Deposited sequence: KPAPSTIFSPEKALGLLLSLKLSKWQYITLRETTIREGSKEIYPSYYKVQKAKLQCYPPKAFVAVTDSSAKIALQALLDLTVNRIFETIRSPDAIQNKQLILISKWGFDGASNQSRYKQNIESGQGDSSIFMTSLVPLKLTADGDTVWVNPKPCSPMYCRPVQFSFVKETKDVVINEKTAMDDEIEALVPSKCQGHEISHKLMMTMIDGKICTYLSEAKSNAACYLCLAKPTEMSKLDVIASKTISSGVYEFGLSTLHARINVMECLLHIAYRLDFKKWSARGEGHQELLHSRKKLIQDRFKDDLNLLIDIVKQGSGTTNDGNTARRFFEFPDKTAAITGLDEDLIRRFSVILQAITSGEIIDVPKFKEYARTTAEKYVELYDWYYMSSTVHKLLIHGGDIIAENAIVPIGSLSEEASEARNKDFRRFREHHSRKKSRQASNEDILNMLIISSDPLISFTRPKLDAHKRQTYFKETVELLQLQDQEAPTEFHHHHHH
């Protein structure tokens, strides 16, 4: 009776970032011109939103943290997965196997630059634990399978607190998860009974050394959890470091008078980013040396034509690295053979231009082993997704503050972001969301969509 389902409307809502009253006015104004099979009522959309939420008795929103009980979240997901299977009349109901993925990561944030003058409340540092469902197995066969195993569209939020990622809080979160994992592991839906097998694979290198108290093969033709956030930042930094040394073109600035003009070049480029782009590109807040958020790296690659004029780097190289990071962070399906050729050539262009600066471990793992990592669905979006939430609460806090107190508006923000994270990671809602945002449509390059083989023009 309506072109857009209430759930499909909710998709269009997220894909466009439309407000409640923009959608109501969009509806009314589109009716008054003679067509009502298009959009449902917002009453129907609000109900579709409510259907994504888990029960209110399992959701803990403080002025600090936010937590869902892992039992409640898995059961919620199972139900919404069944509503996307073509004919959920499966034969094995004695046992279904839902294979799921989990992990955690942390991101930082800065609201312009405001020291001794705070623009609101919030630690500007978020720590999020997430879960992703992978395969639905009955007697050894695939019944339903995740179409985007590394997209944030299936990155369910479990518990995010606005705390810095300590070695302790990592171990604290592992045992806090392992216990609620090791304790309860059943589920029920639509007559079938579903057990859960969880794998902690959304983990980077530093977390692994924590949990244990503690190499290429020489790189054959004839590897770890790659964070989208970590890839985007450590490549910007690698490109910046090359830019500072363009005067002498040597990896080590240890030589006679090289350090003298590296700092000279670095200050020229730092100033160029501030007045040409309003970017604090390498400005340090004494937190071991590089307080560059994912926001800073995102804007460093947003305009390859301009970053090259600022840094003195080659535009071809910069655009190549940006297109790659876009494909990674989209969460969409990447044409692995088409990607490997693009990565293999980007590497060739690197040594063509800057063979003197050795490739960072992150750049090596990206360009040289990135094709395989994509192919084995081993890319971790908790990082970038955790940051995008932080940017979105500080936005919500500045909106709620105008009619609520600080301690109350700070929780109304944690309440709303948990919801926004649930709708966006909902299997039935994500089942009909556009392959690329209005944001992704505007920003992604010609080469990027070509790598994603997207017919979502």
Stretches with no C-alpha atoms in the model, relative to the deposited sequence starting at 1: 1 to 4, 219 to 222, 231 to 250, 486 to 497
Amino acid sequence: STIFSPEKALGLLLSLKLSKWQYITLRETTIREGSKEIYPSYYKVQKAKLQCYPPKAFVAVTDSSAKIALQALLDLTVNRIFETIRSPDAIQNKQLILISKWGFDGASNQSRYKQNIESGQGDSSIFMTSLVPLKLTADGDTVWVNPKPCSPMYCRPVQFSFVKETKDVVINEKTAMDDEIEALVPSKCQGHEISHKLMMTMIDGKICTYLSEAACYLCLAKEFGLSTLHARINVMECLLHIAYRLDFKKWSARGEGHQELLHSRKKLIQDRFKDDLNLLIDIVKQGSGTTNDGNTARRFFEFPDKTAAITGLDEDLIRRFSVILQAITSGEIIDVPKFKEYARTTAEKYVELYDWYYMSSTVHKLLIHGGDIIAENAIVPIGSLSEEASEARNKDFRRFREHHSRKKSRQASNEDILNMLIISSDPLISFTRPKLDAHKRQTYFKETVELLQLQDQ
From here on, numbers count along this sequence of modelled residues.
Mean C-alpha temperature factor, higher of 123 to 131 and 355 to 363: 123 to 131
77 to 85 set against 319 to 327, stretch whose average Cα temperature factor tops the other in the entry: 77 to 85
Candidate set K167, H230, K250, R265 [ranked by C-alpha B-factor, highest]: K167
Options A347, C216, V158, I242 - largest CA temperature factor per the record: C216
Third assignment of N377 from its chain's C-alpha B-factors: middle
Modelled-residue ranking by C-alpha temperature factor, third containing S187: highest
Where the record places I423 (Cα B-factor, split into thirds across the chain): lowest
Chain thirds of CA B-factor: placement of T290: highest
Relative C-alpha B-factor of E180, binned into the chain's lowest, middle or highest third: highest
